[PDB]
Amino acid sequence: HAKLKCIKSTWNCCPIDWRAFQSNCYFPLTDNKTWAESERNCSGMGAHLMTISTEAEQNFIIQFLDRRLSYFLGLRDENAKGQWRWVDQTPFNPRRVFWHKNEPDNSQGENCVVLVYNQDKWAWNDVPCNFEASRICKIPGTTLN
């Protein structure tokens, strides 16, 4: 037994309780974890920390986020070289970033990114990967029929 929510021909499906947008399924989670613990939790559901490729994708997810919290995305720079990599292995596209003003601003250590609300706006902030925050898991949708 499994249970899907399918929307359109072809039908795009997600697990019943996940949020659906353009062939992908998302779930924001609010219990605090480090970046690596967060990714561990996502992968346990077949998922990964969310990759954000378009503004449309970000605009979709932010409507389900608590403005008091930071949410880990999948983007990580392990040695502070500016070698940002998506943990889901989507190739990093530096012409499609969404930093807050004056970010990224950590010049040392292992840095990760959170979606955070600041200055009346959702955008990216770089944060030490050992910081504890919420997260957004993302899993590719399935297709029928």
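Note that residue numbering begins at 1 and tracks the sequence as displayed.
S.K.: Look at the stretch from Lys8 to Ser9 and count the residues of the deposited sequence that the entry does not model, then pick none, 1 to 3, 4 to 9, or 10 or more.
M.R.: Unresolved stretch here: 10 or more residues.
S.K.: How does the C-alpha B factor of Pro28 compare with the rest of the chain: lowest, middle or highest third?
M.R.: Lowest third - that is where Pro28 ends up once the chain's C-alpha B-factors are sorted.
S.K.: Lowest, middle or highest third: where is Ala36 by C-alpha B factor in its chain?
M.R.: As the PDB entry reports it, the C-alpha B-factor of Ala36 lands in the middle third of its chain.
S.K.: By the recorded C-alpha temperature factor, relative to the other modelled residues in its chain, which third is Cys112 in?
M.R.: It falls in the middle third of the chain.
S.K.: Going by the entry, which third of its chain does the Cα temperature factor of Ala2 land in?
M.R.: Highest third.
S.K.: Relative to the other modelled residues in the chain, which third contains the C-alpha temperature factor of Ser70: lowest, middle or highest?
M.R.: Ranked within chain, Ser70 CA B lands in the lowest tercile.
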